[PDB]
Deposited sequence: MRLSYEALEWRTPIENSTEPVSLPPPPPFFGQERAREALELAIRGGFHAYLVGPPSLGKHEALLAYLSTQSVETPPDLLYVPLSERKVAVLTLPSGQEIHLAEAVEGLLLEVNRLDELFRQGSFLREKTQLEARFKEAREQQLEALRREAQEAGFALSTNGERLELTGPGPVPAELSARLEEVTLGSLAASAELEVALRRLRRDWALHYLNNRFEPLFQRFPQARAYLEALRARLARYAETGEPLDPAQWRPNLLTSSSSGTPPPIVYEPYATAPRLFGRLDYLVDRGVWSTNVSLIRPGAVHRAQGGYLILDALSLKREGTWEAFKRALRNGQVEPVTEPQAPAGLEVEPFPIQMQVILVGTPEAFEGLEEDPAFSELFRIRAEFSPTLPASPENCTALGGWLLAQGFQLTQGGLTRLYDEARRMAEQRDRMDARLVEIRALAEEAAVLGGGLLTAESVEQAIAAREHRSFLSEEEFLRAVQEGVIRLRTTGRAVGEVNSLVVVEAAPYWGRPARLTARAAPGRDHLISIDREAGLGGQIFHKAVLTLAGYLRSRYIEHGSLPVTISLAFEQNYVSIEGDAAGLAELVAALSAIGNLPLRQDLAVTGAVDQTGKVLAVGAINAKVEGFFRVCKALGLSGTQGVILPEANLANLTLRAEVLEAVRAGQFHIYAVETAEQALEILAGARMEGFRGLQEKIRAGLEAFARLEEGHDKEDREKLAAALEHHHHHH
């Protein structure tokens, strides 16, 4: 099927582009219902939780915003009290009540019923022995549990988690012990990054804190003695933050799942809805942007294009904010349609050197490419280069047929350049060809495939369609259009399957066609299964609207061959009888 401009157009119409946007800020976790309900359950139950999602989602900002709205009972005062001159314990009193117990003791069961063991052990034998380090150490206190303590420690070192012993010259005492993140988060929330616990080697010590209440201030190797610090009942909720991959290290520890029961997973995409466009606008305004309707619409549509889905939008608020900040500079402080389009263009320019070199090499004939005419056994497939920002390029492919003993040879795979999935695609094509053409017994052909100017590894199955049509062309002696690039995976039954990076692929063929001078007949054949992924850039949409570029969507390899060879498989003088006649020719050459 031909894809009209109207079928390809995906962008949001803009009405009153320059009108200022006025919208209220959305709640924390907008469009992230799964993660929000997980966190609500963790808050309601006192459970430890982990926030999981790809980088640049805004996971940290959403979490701190949501925790800021919570309310708990005012946290107890928290202190170290000495039970001896070599031993300390962590104590909670009701709030504000340690400043009284400090004055009392500075009177060198009075009404501090919980502070007993400190006082009991505070008894006598200075008078009994003339024996010449003893007053309580307040770690924390606060006025209200609204908002609760919220401690985000990105740097999960033992001293930052557990506190430190200072040494006043050597000795030490209760009064020289500094609190850590764990102490500051009591009655509230400690937030840590999974990657920092791994990188800092503090995961085992952290588990000992949560499982056993072992919280040991960091000491030093010199100090001729230390204090014993008694374990204490931990009163805190821990929320870990990280990527799926940051967690996988931790997840192989059975203790991880035991301690962190509540998974709060962010979706990498939201529905592309009016409500999520509106929420994005209110979010950008709350960040301080001066947003026009046109600037909101373009950012919203760039989020859809980022997701490579007409119906979804990229959920990475941090990535949308960074693009908006570059737009705001190009707009002199105003976030407009133009400033967004021009920020996108300047990103591509700043990463274009590789493509400028490639396009110059094609123009000079140093890379041999055809974008017009016809040739047997040759096709432009499409690839993306595996370095950000993943530019697409045509990849010239040849198929040559000789009389032989049913061999399909991938030259790139035999030379070691082709990966396992690339190999799988060649095997799959072999299975299709052998089973499709059985009249002579096993295929009377040896077919060799080569990516002609490929010096580097190729992986993926998306050149399967180009490889199969090249192969059929070589068998039947079928001239194929070189003005249409081909992308698609094939199954053993000859059906065309979805491929990745379809926008980069299409745009990369358009870019080469344009650099060599558009003929008016160039285009791409791609999988019908990718229609929902097509969010093509303005310049390609306008070329298709102008009749200067053409998109074809297919379901079968044979539908692709019919377009490339300019004929039907049947209505015979069709391609199928030419393919059969080529196989009969090869079979005769192969026997006597």
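Quiz item: Which regions of the deposited sequence are unaccounted for in the modelled residues, listed N- to C-terminal?
Solution: Comparing the full sequence with the modelled residues, the uncovered ranges come out as 109 to 217, 233 to 235, 245 to 248, 286 to 289, 713 to 732.
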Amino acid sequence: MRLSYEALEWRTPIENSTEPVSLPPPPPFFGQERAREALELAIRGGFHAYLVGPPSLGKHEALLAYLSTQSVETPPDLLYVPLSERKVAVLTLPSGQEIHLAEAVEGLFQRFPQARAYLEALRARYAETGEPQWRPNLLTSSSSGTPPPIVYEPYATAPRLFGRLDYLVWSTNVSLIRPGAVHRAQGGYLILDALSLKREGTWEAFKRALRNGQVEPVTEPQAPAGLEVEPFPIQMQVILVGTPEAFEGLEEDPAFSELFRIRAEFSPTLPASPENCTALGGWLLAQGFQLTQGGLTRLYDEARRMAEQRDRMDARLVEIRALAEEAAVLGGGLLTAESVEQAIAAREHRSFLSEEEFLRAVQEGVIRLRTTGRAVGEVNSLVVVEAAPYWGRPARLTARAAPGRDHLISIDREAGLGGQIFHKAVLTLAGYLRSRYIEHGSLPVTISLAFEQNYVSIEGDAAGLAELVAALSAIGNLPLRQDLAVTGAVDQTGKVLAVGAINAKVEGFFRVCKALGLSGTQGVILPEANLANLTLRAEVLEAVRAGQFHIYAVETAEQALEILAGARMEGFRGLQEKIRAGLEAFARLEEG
From here on, numbers count along this sequence of modelled residues.
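Quiz item: Taking the recorded C-alpha temperature factors, which stretch has the higher mean, 75 to 83 or 500 to 508?
Solution: The recorded data point to 75 to 83.
Quiz prompt | Per the entry, higher mean C-alpha B factor between 98 to 106 and 477 to 485 | solution = 98 to 106 has the higher mean C-alpha B-factor.
Quiz item: For the listed residues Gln342, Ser196, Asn212, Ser267, which one has the largest C-alpha B-factor as given in the deposited model?
Solution: Among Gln342, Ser196, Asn212, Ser267, the PDB entry lists the largest C-alpha B-factor for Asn212.
Quiz item: Considering only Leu168, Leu330, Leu192, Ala337, which residue's Cα atom bears the greatest B-factor as recorded?
Solution: That would be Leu168.
Quiz prompt | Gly45 CA temperature factor, ranked by third within the chain | solution = Middle third of the chain for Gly45's C-alpha B-factor.
Quiz item: Lowest, middle or highest third of the chain for the C-alpha temperature factor of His440?
Solution: Its C-alpha B-factor, which the entry lists for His440, ranks in the highest third among residues of this chain.
Quiz item: Going by what the PDB entry lists, where does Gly547 fall on CA B-factor within its chain: lowest, middle or highest third?
Solution: According to the entry, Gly547 has a C-alpha B-factor in the chain's lowest third.
Practice problem: Please place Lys495 in the lowest, middle or highest third of its chain by C-alpha B factor as given in the entry. | Solution: For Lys495, the deposited C-alpha B-factor lands in the middle third.
Quiz item: If you rank every modelled residue in this chain by C-alpha B factor, which third holds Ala538: lowest, middle or highest?
Solution: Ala538: CA B-factor falls in the middle third of its chain.
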